[PDB]
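# Coordinates for the following, if possible.
(chains A, B, C, D, E and F, ligands or ions: 1)
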Amino acid sequence: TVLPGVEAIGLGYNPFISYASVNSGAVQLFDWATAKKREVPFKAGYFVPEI
Amino acid sequence: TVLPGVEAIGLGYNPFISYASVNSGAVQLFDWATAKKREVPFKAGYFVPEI
Amino acid sequence: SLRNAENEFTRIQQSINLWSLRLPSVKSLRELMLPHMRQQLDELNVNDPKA
Amino acid sequence: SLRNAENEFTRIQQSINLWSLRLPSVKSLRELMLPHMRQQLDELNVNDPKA
Amino acid sequence: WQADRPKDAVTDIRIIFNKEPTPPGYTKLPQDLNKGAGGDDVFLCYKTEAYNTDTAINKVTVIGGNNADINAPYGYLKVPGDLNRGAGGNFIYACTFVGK
Amino acid sequence: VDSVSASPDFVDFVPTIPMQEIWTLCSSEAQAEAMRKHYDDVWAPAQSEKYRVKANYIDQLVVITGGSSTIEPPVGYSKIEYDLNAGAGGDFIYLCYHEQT
Ligand SMILES: [Mg+2]
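Residues are numbered from 1 along each chain as shown, chains lettered A, B, ... in the order given. Dropping the coordinates below:
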């Protein structure tokens, strides 16, 4: 499974419209459905892009 | 399993922004997903990089 | 004559934090971006400020 | 006339400690660093202070 | 409301006096609003139009007082000519309001 | 709280590296400088203006001449407390204001 929040990082963003929210900022820029995935060391069964 | 905290050591860090927290300091510098792992002597089944 | 007044106010804030995601800003990050986004970026006619 | 006042304050701190991780700062540690971080470090044009 | 085929008698209004004749298109009301007050004879007239939701007078009111000029409410325009022109008592003026 | 453990949402920044400029991702320094220059000179000024707080302000002043403490200004206006002849003879004159909401 993907780690929750990996869809939100890399989101194109506007800093002026509002404070930290997914509703400030447009669309995901990165193909992280397809990148090489590493398991996160402190949660077994959860993966993120190696980057 | 990795010992908790092995993801936090080697984290690139800024000492001025705040006292000891993972939120001061940027990104992990070291490949310790891939380094040679030793079991930690006082916790069976937990491993760390040999370094 | 009698006058009797009450005022009451409460404010509560609660916060939970869970894991942070960081992205290292390495130059190879451009290769991970979605291709339609990449071509949209580099087709930008920066000769037009309105674009 | 009657005046009646109370003040109350409490402070509590609790702390738990568990194992510390140390890193020996040997010269071979550079070989363990992530490659994109390594090239990002040594591509740094230190001729520019802004970089 | 702006029901279908709306109508409007009051794009603008004017105060008219001394029994002088109005220009056309202004309907003039017959009563002297100084009858027994003395002064000049004074009357009111208004011009009909098609409705447009922003030239049509949305609200109308009257102001008056001791001062010869008296301030209309915010956004209202007072109509020139005293509604007690030469008469006794307070100075009085009609006021009109339009939505922008 | 159980749902937060299963499905946390983006709530806050990591204050050290919260976000990166998009032209860092550019192919080319000429384009990247053009984007930076336009961002600096044009777009960020406009956006900071666009979201600057459009605070309430005075619409108009008018003056009321009721001559006493009893007076109340025209409809929708608010009077200033001191009359402009306090301690003098004559009528108590009060300044009053409308504020554009
Ligand atoms: Mg004075």
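# Counting neighbours, what do you get for whichever residue of chain E sits closest to the ion?
Nearest to the ion in chain E, going by CB to the ion, is residue E:67, at a distance of 16.0 Å. From N, CA and C alone the C-beta is placed, and that goes for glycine too. Close neighbours of residue E:67, defined as other CB atoms under 10 Å in any protein chain shown, add up to 13.
# how close does the residue nearest the centre of chain C sit to chain F?
Geometric centre of chain C, nearest residue: residue C:21, 13.2 Å, by CA atoms, centre = their mean. Residue C:21 sits at a distance of 8 Å from chain F (criterion: CB to the nearest CB, to the nearest Å).
# I am assuming that residue contacts residue A:46, so please confirm or correct that.
No: between residue C:21 and residue A:46 there is no contact, the gap being 11.8 Å when judged by CB atoms under 8 Å.
# Tell me the spacing between the nearest residue to residue F:13 once chain neighbours are set aside and residue F:22.
Excluding the flanking residues, the one nearest residue F:13 by CB to CB, 6 or more residues apart in numbering or on different chains is residue A:20, at 5.4 Å. Look at residue A:20 and residue F:22: by CB to CB, to the nearest Å, they are 18 Å apart.
# OK, now which residue of chain A is nearest to chain B?
Across chain A, the shortest distance to chain B (CB to the nearest CB) belongs to residue A:41, at 4.1 Å.
# What residues does that residue make contact with?
The contact partners of residue A:41, by CB atoms under 8 Å, 6 or more residues apart in numbering or on different chains, come to B:2, B:6, B:7, B:33.
# again, 6 Å this time
Residues in contact with residue A:41 (CB atoms under 6 Å, 6 or more residues apart in numbering or on different chains) are B:2, B:7.
# Once you drop chain neighbours, what's closest to residue F:80?
residue F:95 (4.8 Å).
# that's a strand at the one you found, yeah?
Yes: secondary structure of residue F:95 (DSSP: H, G, I helix; E, B strand; the rest coil): part of a strand.
# For it, name its beta-bridge partners.
Legend: beta-bridge partners of residue F:95 under DSSP bridges are residue F:63.
# Count the neighbours of it for me.
17.
# same check, this time on residue A:4
Using other CB under 10 Å, residue A:4 has 17 neighbouring residues.
# And residue C:48, by the same measure?
Neighbours of residue C:48 under the rule other CB under 10 Å: 8.
# do residue E:99 as well
Counted with other CB under 10 Å, residues neighbouring residue E:99 total 11.
# How about residue C:9?
4.
# The residue of chain A closest to chain B and chain D, how far apart?
The gap separating residue A:41 from chain D is 13 Å, by CB to the nearest CB.
# can you tell me the helix or strand for that residue?
Secondary structure assignment for residue A:41, by DSSP states H and E: no helix or strand.
# ok, now residue F:99?
Using DSSP H and E, residue F:99 falls within strand F:94-100.
# List the residues that contact the nearest residue to residue E:67 once chain neighbours are set aside.
Spatial nearest neighbour of residue E:67, chain neighbours left out: residue F:65 (5.6 Å); criterion: CB to CB, 6+ apart. With contact taken as CB under 6 Å, 6+ apart, residue F:65 is in contact with E:67, F:91, F:93.
# Pretty sure residue E:96 sits in a strand.
Yes: according to three-state DSSP, residue E:96 belongs to a strand.
# Identify the residues contacting the residue lying closest to it once chain neighbours are set aside.
Distances taken as CB to CB, 6+ apart place residue E:57 nearest to residue E:96, at 4.7 Å, with adjacent residues excluded. Residue E:57 makes contact with E:10, E:96, E:98, according to CB under 6 Å, 6+ apart.
# just residue E:62 next, same as before
Residues near residue E:62 by CB under 6 Å, 6+ apart: residue E:94.
# does it sit in a helix or strand, and which one?
Here residue E:62 sits within strand E:59-65, counting by DSSP H and E.
# Paired strands for that strand, with orientation please.
Paired with strand E:59-65 in the same sheet, following DSSP bridges, are strand E:91-97 (antiparallel).
# Can you list the buried residues in the partner strand?
Judged by neighbour count (16 or more other CB atoms under 10 Å in any protein chain shown), strand E:91-97 contains these buried residues: E:91, E:92, E:93, E:94, E:95, E:96.
# Make sure the last one is actually in contact with residue E:60.
So that's residue E:96. Yes: using CB atoms under 6 Å, residue E:96 is in contact with residue E:60, at 5.3 Å.
# State the three-state secondary structure for the residue most central in space within chain F.
By CA atoms, centre = their mean, chain F has its centre lying nearest to residue F:53, at 2.3 Å. Three-state assignment for residue F:53 (three-state DSSP): coil.
# How about the contacts made by it?
Contacts of residue F:53 by CB under 6 Å, 6+ apart: none found.
# Could you check which residue of chain C lies nearest the ion?
The ion sits closest to residue C:3 of chain C, with a gap of 38.1 Å, by CB to the ion.
# Tell me how many other residues surround that residue.
Other residues close to residue C:3 by other CB under 10 Å number 4.
# With distance to residue D:33 added, can I get the contacts of residue F:65 in JSON lines?
Below are those laid out as JSON lines (distance: CB to CB, whole Å):
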{"residue": "E:67", "distance to residue D:33": "85"}
{"residue": "F:91", "distance to residue D:33": "85"}
{"residue": "F:93", "distance to residue D:33": "79"}
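# Which residue is the nearest non-sequential neighbour of residue F:60?
residue F:98 (5.0 Å).
# just residue E:16 next, same as before
Counting by CB to CB, 6+ apart, residue E:16 lies nearest to residue E:43, which is 5.0 Å off, once chain neighbours are set aside.
# ditto for residue E:37
Distances taken as CB to CB, 6+ apart put residue E:87 closest to residue E:37, at 3.7 Å, once the chain neighbours are dropped.
# How about residue F:57?
In this structure, residue F:57 finds its nearest non-sequential neighbour in residue F:100, 5.6 Å apart by CB to CB, 6+ apart.
# With residue E:6 instead?
Nearest residue to residue E:6, sequence neighbours excluded (CB to CB, 6+ apart): residue E:51, at 4.2 Å.
# That neighbour contacts residue E:10, correct?
No: with contact defined as CB under 6 Å, residue E:51 does not reach residue E:10; the gap is 9.9 Å.
# Could you pull out the buried residues of stretch E:26-44?
Neighbour count says stretch E:26-44 has E:33, E:34, E:37, E:39, E:40, E:41, E:42, E:43, E:44 buried, by 16+ other CB under 10 Å.
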